[PDB]
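Data file: entry.txt. Format and content: compact mmCIF, C-alpha atoms.
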# COMPACT_ATOMS: atom_id res chain seq x y z
CA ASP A 29 52.81 160.40 -13.70
CA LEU A 30 52.17 158.13 -16.74
CA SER A 31 49.60 155.32 -16.58
CA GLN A 32 49.59 151.92 -18.27
CA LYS A 33 46.63 152.72 -20.50
CA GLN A 34 48.29 155.96 -21.59
CA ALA A 35 51.69 154.32 -22.18
CA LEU A 36 50.23 151.77 -24.59
CA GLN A 37 48.66 154.66 -26.49
CA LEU A 38 52.12 156.27 -26.82
CA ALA A 39 53.84 152.97 -27.55
CA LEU A 40 51.26 152.20 -30.23
CA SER A 41 51.95 155.77 -31.39
CA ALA A 42 55.66 155.13 -31.86
CA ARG A 43 54.71 151.91 -33.65
CA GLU A 44 52.78 153.94 -36.20
CA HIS A 45 55.52 156.49 -36.71
CA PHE A 46 58.32 153.96 -36.90
CA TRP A 47 56.59 151.88 -39.58
CA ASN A 48 55.61 154.87 -41.71
CA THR A 49 59.05 156.42 -41.28
CA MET A 50 60.69 153.22 -42.44
CA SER A 51 58.25 152.87 -45.35
CA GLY A 52 59.01 156.42 -46.45
CA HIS A 53 55.44 157.74 -46.31
CA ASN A 54 52.85 158.88 -43.80
CA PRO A 55 49.78 157.15 -45.28
CA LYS A 56 47.52 160.04 -44.24
CA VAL A 57 49.29 162.43 -46.65
CA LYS A 58 47.68 161.27 -49.90
CA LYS A 59 49.24 164.10 -51.99
CA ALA A 60 52.70 162.46 -51.92
CA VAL A 61 55.01 161.19 -54.67
CA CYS A 62 57.62 158.52 -54.13
CA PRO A 63 60.83 158.90 -56.16
CA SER A 64 61.68 155.83 -58.16
CA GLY A 65 65.31 154.76 -57.96
CA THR A 66 67.63 152.43 -56.02
CA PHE A 67 71.32 152.72 -55.29
CA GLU A 68 74.05 150.99 -53.31
CA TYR A 69 76.01 152.54 -50.47
CA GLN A 70 77.86 150.88 -47.59
CA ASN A 71 76.83 147.48 -49.10
CA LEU A 72 73.15 148.44 -48.58
CA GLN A 73 70.48 148.88 -51.25
CA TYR A 74 68.85 152.25 -50.76
CA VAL A 75 65.42 153.53 -51.81
CA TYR A 76 63.86 157.00 -51.92
CA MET A 77 61.48 158.35 -49.29
CA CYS A 78 58.18 159.76 -50.35
CA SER A 79 57.65 163.48 -50.71
CA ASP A 80 56.03 163.87 -47.29
CA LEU A 81 59.25 162.54 -45.70
CA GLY A 82 61.60 163.64 -48.49
CA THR A 83 63.93 165.81 -46.38
CA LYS A 84 65.54 165.12 -43.01
CA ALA A 85 63.81 168.20 -41.63
CA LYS A 86 60.41 166.81 -42.65
CA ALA A 87 61.44 163.56 -41.00
CA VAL A 88 62.49 165.33 -37.76
CA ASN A 89 59.25 167.26 -37.76
CA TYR A 90 57.30 164.00 -38.09
CA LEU A 91 58.79 162.33 -34.98
CA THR A 92 59.62 165.04 -32.43
CA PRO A 93 56.00 164.54 -31.14
CA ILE A 94 56.57 160.89 -29.97
CA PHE A 95 60.37 160.42 -29.74
CA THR A 96 62.89 162.38 -27.70
CA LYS A 97 65.38 164.43 -29.71
CA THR A 98 68.16 161.96 -28.88
CA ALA A 99 66.10 159.00 -30.07
CA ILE A 100 65.88 160.70 -33.49
CA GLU A 101 69.64 161.28 -33.74
CA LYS A 102 70.44 157.66 -32.94
CA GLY A 103 67.66 156.48 -35.20
CA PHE A 104 68.87 158.39 -38.25
CA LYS A 105 72.27 156.86 -37.51
CA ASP A 106 71.19 153.35 -36.49
CA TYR A 107 68.94 152.85 -39.52
CA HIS A 108 71.60 154.35 -41.82
CA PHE A 109 69.68 157.13 -43.53
CA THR A 110 71.34 158.98 -46.36
CA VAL A 111 70.78 161.88 -48.79
CA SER A 112 71.20 161.53 -52.57
CA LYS A 113 70.18 164.10 -55.21
CA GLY A 114 68.72 166.14 -52.36
CA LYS A 115 66.24 163.43 -51.33
CA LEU A 116 66.53 161.31 -48.21
CA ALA A 117 66.94 157.58 -48.72
CA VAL A 118 66.56 154.41 -46.63
CA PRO A 119 68.06 150.97 -46.96
CA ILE A 120 65.35 148.71 -48.28
CA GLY A 121 63.71 146.48 -45.65
CA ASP A 122 60.50 144.79 -44.58
CA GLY A 123 58.48 145.05 -41.42
CA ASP A 124 57.01 142.44 -39.16
CA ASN A 125 53.68 142.74 -37.37
CA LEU A 126 54.21 139.53 -35.44
CA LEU A 127 53.94 141.35 -32.15
CA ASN A 128 50.30 142.22 -31.31
CA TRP A 129 50.91 145.43 -29.42
CA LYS A 130 47.19 146.26 -29.35
CA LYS A 131 46.59 143.31 -27.01
CA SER A 132 49.79 143.89 -25.01
CA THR A 133 50.15 144.15 -21.22
CA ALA A 134 52.28 146.74 -19.47
CA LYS A 135 54.05 146.39 -16.11
CA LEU A 136 55.89 149.32 -14.65
CA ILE A 137 59.62 148.65 -14.24
CA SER A 138 60.89 152.04 -13.10
CA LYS A 139 59.87 155.58 -12.29
CA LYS A 140 62.80 157.77 -11.28
CA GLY A 141 62.37 161.49 -11.78
CA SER A 142 61.89 162.49 -15.39
CA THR A 143 62.29 158.89 -16.69
CA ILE A 144 59.72 156.04 -16.64
CA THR A 145 60.22 152.51 -18.03
CA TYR A 146 57.47 149.86 -18.55
CA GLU A 147 57.81 146.13 -19.47
CA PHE A 148 55.42 144.89 -22.11
CA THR A 149 54.48 141.30 -22.62
CA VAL A 150 53.23 141.03 -26.18
CA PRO A 151 51.19 138.17 -27.64
CA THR A 152 52.24 136.91 -31.03
CA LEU A 153 49.77 136.35 -33.85
CA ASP A 154 52.04 133.36 -34.54
CA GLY A 155 51.07 131.54 -31.38
CA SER A 156 54.77 132.00 -30.66
CA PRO A 157 56.13 132.49 -27.14
CA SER A 158 55.17 135.98 -26.17
CA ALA A 159 57.75 138.72 -26.18
CA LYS A 160 59.35 140.93 -23.54
CA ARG A 161 59.77 144.52 -24.81
CA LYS A 162 60.92 147.17 -22.33
CA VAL A 163 59.99 150.76 -23.30
CA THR A 164 61.54 153.81 -21.62
CA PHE A 165 59.54 157.05 -21.56
CA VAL A 166 61.27 160.43 -21.00
CA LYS A 167 59.43 163.81 -20.82
CA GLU A 168 60.76 166.27 -23.40
CA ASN A 169 59.23 169.74 -23.33
CA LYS A 170 56.46 168.64 -20.98
CA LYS A 171 55.27 165.82 -23.26
CA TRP A 172 56.01 162.21 -22.44
CA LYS A 173 57.90 160.73 -25.38
CA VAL A 174 59.79 157.46 -26.08
CA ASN A 175 63.58 157.70 -25.75
CA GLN A 176 64.45 155.14 -28.47
CA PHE A 177 63.34 154.99 -32.12
CA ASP A 178 62.95 151.23 -32.56
CA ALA A 179 61.30 150.67 -29.14
CA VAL A 180 58.00 149.30 -30.51
CA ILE A 181 57.64 147.72 -34.02
CA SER B 217 71.81 126.20 -58.44
CA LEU B 218 72.95 126.24 -54.79
CA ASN B 219 74.15 123.85 -52.16
CA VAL B 220 70.92 123.35 -50.25
CA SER B 221 72.97 121.54 -47.60
CA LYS B 222 74.89 124.77 -47.17
CA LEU B 223 71.83 127.06 -47.34
CA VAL B 224 69.79 125.24 -44.73
CA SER B 225 72.75 124.68 -42.43
CA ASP B 226 74.10 128.21 -42.92
CA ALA B 227 70.66 129.56 -42.03
CA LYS B 228 70.08 127.26 -39.06
CA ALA B 229 73.23 128.39 -37.29
CA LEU B 230 71.81 131.94 -37.05
CA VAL B 231 68.86 130.98 -34.89
CA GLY B 232 68.43 133.48 -32.12
CA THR B 233 69.71 136.54 -33.93
CA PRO B 234 67.24 139.40 -33.27
CA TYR B 235 65.12 141.53 -35.62
CA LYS B 236 65.87 144.83 -37.31
CA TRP B 237 64.48 146.54 -40.43
CA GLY B 238 66.81 146.30 -43.42
CA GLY B 239 69.16 144.14 -41.35
CA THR B 240 71.89 142.60 -43.53
CA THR B 241 74.15 141.78 -40.54
CA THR B 242 74.62 139.11 -37.91
CA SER B 243 73.43 141.69 -35.37
CA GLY B 244 69.84 141.83 -36.77
CA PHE B 245 67.81 140.77 -39.88
CA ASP B 246 64.43 140.91 -41.59
CA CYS B 247 62.71 138.72 -44.20
CA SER B 248 64.76 140.10 -47.05
CA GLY B 249 68.17 140.43 -45.38
CA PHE B 250 68.20 137.02 -43.70
CA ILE B 251 67.79 135.44 -47.13
CA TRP B 252 70.25 137.95 -48.54
CA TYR B 253 72.80 137.25 -45.82
CA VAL B 254 72.49 133.48 -46.24
CA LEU B 255 72.58 133.69 -50.04
CA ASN B 256 75.63 135.93 -50.34
CA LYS B 257 77.61 133.39 -48.35
CA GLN B 258 77.57 131.20 -51.49
CA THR B 259 77.01 133.54 -54.46
CA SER B 260 76.89 137.29 -54.98
CA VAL B 261 73.27 138.54 -55.08
CA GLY B 262 71.51 141.90 -54.81
CA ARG B 263 69.48 143.25 -51.90
CA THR B 264 65.71 143.61 -52.49
CA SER B 265 62.42 143.56 -50.59
CA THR B 266 60.32 140.50 -49.93
CA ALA B 267 58.23 141.77 -52.85
CA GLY B 268 61.32 141.96 -55.04
CA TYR B 269 62.44 138.43 -54.21
CA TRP B 270 58.90 137.31 -55.07
CA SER B 271 59.17 138.87 -58.54
CA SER B 272 62.81 138.04 -59.25
CA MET B 273 62.45 134.36 -58.37
CA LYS B 274 61.42 131.48 -60.59
CA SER B 275 57.97 130.00 -60.11
CA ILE B 276 57.28 126.52 -58.70
CA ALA B 277 54.20 124.96 -57.16
CA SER B 278 55.46 122.83 -54.25
CA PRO B 279 58.56 123.76 -52.20
CA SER B 280 61.57 121.48 -52.08
CA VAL B 281 64.28 122.12 -49.49
CA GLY B 282 66.12 125.34 -50.26
CA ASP B 283 63.08 126.85 -51.92
CA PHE B 284 61.56 130.12 -50.72
CA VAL B 285 58.09 130.35 -49.22
CA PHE B 286 56.02 133.56 -49.07
CA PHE B 287 53.31 134.84 -46.73
CA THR B 288 50.93 137.75 -46.43
CA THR B 289 51.15 139.26 -42.92
CA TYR B 290 51.07 143.08 -42.74
CA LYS B 291 49.86 143.85 -46.27
CA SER B 292 48.24 142.32 -49.36
CA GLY B 293 50.82 140.32 -51.31
CA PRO B 294 54.21 139.03 -50.14
CA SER B 295 55.22 140.72 -46.89
CA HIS B 296 57.15 137.98 -45.05
CA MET B 297 59.34 135.12 -46.25
CA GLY B 298 61.55 132.26 -45.16
CA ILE B 299 63.35 129.14 -46.46
CA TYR B 300 61.78 125.69 -46.57
CA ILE B 301 63.92 123.47 -44.34
CA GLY B 302 62.03 120.20 -44.77
CA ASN B 303 59.24 118.41 -42.96
CA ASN B 304 56.66 121.22 -43.08
CA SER B 305 59.04 123.69 -41.40
CA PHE B 306 60.67 126.94 -42.46
CA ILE B 307 63.37 129.17 -40.97
CA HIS B 308 62.57 132.87 -41.15
CA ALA B 309 63.61 136.13 -39.45
CA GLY B 310 60.88 137.75 -37.33
CA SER B 311 60.32 140.32 -34.59
CA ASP B 312 61.28 137.95 -31.81
CA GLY B 313 64.23 136.65 -33.78
CA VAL B 314 65.30 133.98 -36.18
CA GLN B 315 62.88 131.11 -35.59
CA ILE B 316 61.86 127.71 -37.01
CA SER B 317 58.16 127.62 -37.71
CA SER B 318 56.03 124.98 -39.36
CA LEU B 319 53.64 125.50 -42.27
CA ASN B 320 50.74 123.88 -40.35
CA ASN B 321 50.63 126.70 -37.81
CA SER B 322 47.33 128.60 -37.73
CA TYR B 323 48.92 132.00 -38.56
CA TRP B 324 51.18 130.98 -41.41
CA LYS B 325 49.14 128.34 -43.24
CA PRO B 326 46.14 130.57 -44.21
CA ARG B 327 48.66 133.22 -45.24
CA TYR B 328 51.01 130.89 -47.12
CA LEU B 329 50.90 132.66 -50.47
CA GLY B 330 53.09 130.32 -52.47
CA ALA B 331 56.67 129.30 -53.10
CA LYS B 332 59.30 130.59 -55.48
CA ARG B 333 62.74 129.15 -56.04
CA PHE B 334 66.20 130.47 -56.77

This entry written out as structure tokens:
Amino acid sequence: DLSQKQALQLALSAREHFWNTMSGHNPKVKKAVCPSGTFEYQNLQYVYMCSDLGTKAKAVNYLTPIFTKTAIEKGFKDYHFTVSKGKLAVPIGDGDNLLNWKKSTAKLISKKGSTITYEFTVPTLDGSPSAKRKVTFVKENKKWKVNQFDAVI
Amino acid sequence: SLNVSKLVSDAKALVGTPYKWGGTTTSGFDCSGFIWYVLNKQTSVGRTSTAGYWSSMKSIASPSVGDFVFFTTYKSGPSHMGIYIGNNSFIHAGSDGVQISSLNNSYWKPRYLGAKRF
């Protein structure tokens, strides 16, 4: 029971959360302070998350609205988060807005019980050949949420 | 200071690897890591953001092969980068993957910020 127009709103929602999570700050929270400092672990350079996302619990509270609980476990693992001096840290990285999700198109791939998956064809600002991104939606609590962290971007 | 023959060839082989934030591995890269991965094949270098590589690299006006080119995509300032591979082309790591793109494309060219060299 999830439409195409609604799914893009959720997918564009995960896009927002993923970027901000990876940047270390929810831009809406203007009262935040971002700890200076870099370190090396696992051959990765790490940086400190801003105050609003400073603890894993604050991170988990940020995302449980759009991402299933399992997506958040795997995400904290996949993107190699770590805690130093009591503050969460991320490996330094950059984002890419090449995919224009706002002008995407969604085609329903599956609907079986509590799980729904849609295929998105995304135009590129680049003029590049457009991209196939499959997003799976699973209903946690009663809310439809995305079941993988990096689904959008 | 580097074998440009090795840099451009070492990069080109990786075409088709996908995209991941902070990706320093052959299983997924970003602007910063793709250059980091290709660079550490020859010499030991530290991991930084596209903004860091902009500020830790020596200034030039016109790219030669092996130089680094910078673009403004998602934010003001350097937010995406690649290597100049000749012609008017550059190899970079983007959402759809590692790609070859030319500097006379309508997205990149207005947003070509400048070039900085190792």

> Taking into account all atoms listed in the file, which residue in the set A:44, A:29, A:122, A:147 is nearest to chain B?
Replying inline: A:122

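Closest approach to residue 32 in chain A among A:177, A:163, A:151, A:134 is made by A:134 (distances from only C-alpha atoms).
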
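If you look at CA of residue 333 in chain B and CA of residue 284 in chain B, they are 5.5 Å away from each other.
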
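Every protein, DNA or RNA residue with an atom at most 9 Å from residue 164 in chain A, where all atoms listed in the file count and chain neighbours fewer than 6 positions away do not, is listed here: residues 138, 143, 144, 145, 146, 147, 173, 174, 175, 176 and 179 of chain A.
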
What would the file look like if the residues just selected were written as a compact mmCIF listing (two decimals), in the coordinates of the input with C-alpha atoms?
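out10.txt, written as the output of this step:
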# COMPACT_ATOMS: atom_id res chain seq x y z
CA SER A 138 60.89 152.04 -13.10
CA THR A 143 62.29 158.89 -16.69
CA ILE A 144 59.72 156.04 -16.64
CA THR A 145 60.22 152.51 -18.03
CA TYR A 146 57.47 149.86 -18.55
CA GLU A 147 57.81 146.13 -19.47
CA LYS A 173 57.90 160.73 -25.38
CA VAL A 174 59.79 157.46 -26.08
CA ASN A 175 63.58 157.70 -25.75
CA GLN A 176 64.45 155.14 -28.47
CA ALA A 179 61.30 150.67 -29.14

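In this structure, CA of residue 69 in chain A sits 22.3 Å away from CA of residue 46 in chain A.
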
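Distances from B:291, B:228, B:236, B:222 to residue 311 in chain B were compared using only C-alpha atoms, and the smallest one belongs to B:236.
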
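Look at residue 225 in chain B: the protein and nucleic acid residues within 12 Å of it, using only C-alpha atoms and passing over chain neighbours fewer than 5 places away, are residues 219, 220, 230, 231, 254, 255, 257, 281, 282, 299, 300, 301, 302 and 307 of chain B.
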
Produce a file of the selected residues containing C-alpha atoms, as an mmCIF file, in the coordinates of the input.
data_model
loop_
_atom_site.group_PDB
_atom_site.id
_atom_site.type_symbol
_atom_site.label_atom_id
_atom_site.label_comp_id
_atom_site.auth_asym_id
_atom_site.auth_seq_id
_atom_site.Cartn_x
_atom_site.Cartn_y
_atom_site.Cartn_z
ATOM 1 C CA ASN B 219 74.150 123.850 -52.160
ATOM 2 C CA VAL B 220 70.920 123.350 -50.250
ATOM 3 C CA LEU B 230 71.810 131.940 -37.050
ATOM 4 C CA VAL B 231 68.860 130.980 -34.890
ATOM 5 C CA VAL B 254 72.490 133.480 -46.240
ATOM 6 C CA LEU B 255 72.580 133.690 -50.040
ATOM 7 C CA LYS B 257 77.610 133.390 -48.350
ATOM 8 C CA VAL B 281 64.280 122.120 -49.490
ATOM 9 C CA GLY B 282 66.120 125.340 -50.260
ATOM 10 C CA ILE B 299 63.350 129.140 -46.460
ATOM 11 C CA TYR B 300 61.780 125.690 -46.570
ATOM 12 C CA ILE B 301 63.920 123.470 -44.340
ATOM 13 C CA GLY B 302 62.030 120.200 -44.770
ATOM 14 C CA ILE B 307 63.370 129.170 -40.970
#

Could you produce a table of the residues of chain B lying within 9 Å of chain A, with the nearest pair of atoms per residue and their separation in Å rounded to one decimal, using all atoms listed in the file, ordered by chain and increasing residue number, as JSON lines?
{"residue": "B:235", "atom": "CA", "partner": "A:124", "partner_atom": "CA", "distance": 8.9}
{"residue": "B:236", "atom": "CA", "partner": "A:123", "partner_atom": "CA", "distance": 8.5}
{"residue": "B:237", "atom": "CA", "partner": "A:121", "partner_atom": "CA", "distance": 5.3}
{"residue": "B:238", "atom": "CA", "partner": "A:121", "partner_atom": "CA", "distance": 3.8}
{"residue": "B:239", "atom": "CA", "partner": "A:121", "partner_atom": "CA", "distance": 7.3}
{"residue": "B:240", "atom": "CA", "partner": "A:72", "partner_atom": "CA", "distance": 7.8}
{"residue": "B:246", "atom": "CA", "partner": "A:122", "partner_atom": "CA", "distance": 6.3}
{"residue": "B:247", "atom": "CA", "partner": "A:122", "partner_atom": "CA", "distance": 6.5}
{"residue": "B:248", "atom": "CA", "partner": "A:121", "partner_atom": "CA", "distance": 6.6}
{"residue": "B:249", "atom": "CA", "partner": "A:121", "partner_atom": "CA", "distance": 7.5}
{"residue": "B:262", "atom": "CA", "partner": "A:73", "partner_atom": "CA", "distance": 7.9}
{"residue": "B:263", "atom": "CA", "partner": "A:73", "partner_atom": "CA", "distance": 5.8}
{"residue": "B:264", "atom": "CA", "partner": "A:120", "partner_atom": "CA", "distance": 6.6}
{"residue": "B:265", "atom": "CA", "partner": "A:121", "partner_atom": "CA", "distance": 5.9}
{"residue": "B:266", "atom": "CA", "partner": "A:122", "partner_atom": "CA", "distance": 6.9}
{"residue": "B:289", "atom": "CA", "partner": "A:125", "partner_atom": "CA", "distance": 7.0}
{"residue": "B:290", "atom": "CA", "partner": "A:125", "partner_atom": "CA", "distance": 6.0}
{"residue": "B:295", "atom": "CA", "partner": "A:122", "partner_atom": "CA", "distance": 7.1}
{"residue": "B:296", "atom": "CA", "partner": "A:124", "partner_atom": "CA", "distance": 7.4}
{"residue": "B:310", "atom": "CA", "partner": "A:124", "partner_atom": "CA", "distance": 6.3}
{"residue": "B:311", "atom": "CA", "partner": "A:124", "partner_atom": "CA", "distance": 6.0}
{"residue": "B:312", "atom": "CA", "partner": "A:159", "partner_atom": "CA", "distance": 6.7}
{"residue": "B:317", "atom": "CA", "partner": "A:156", "partner_atom": "CA", "distance": 9.0}
{"residue": "B:321", "atom": "CA", "partner": "A:154", "partner_atom": "CA", "distance": 7.6}
{"residue": "B:322", "atom": "CA", "partner": "A:154", "partner_atom": "CA", "distance": 7.4}
{"residue": "B:323", "atom": "CA", "partner": "A:154", "partner_atom": "CA", "distance": 5.3}
{"residue": "B:324", "atom": "CA", "partner": "A:154", "partner_atom": "CA", "distance": 7.3}

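Across the structure, CA of residue 250 in chain B and CA of residue 106 in chain A are spaced 18.1 Å apart.
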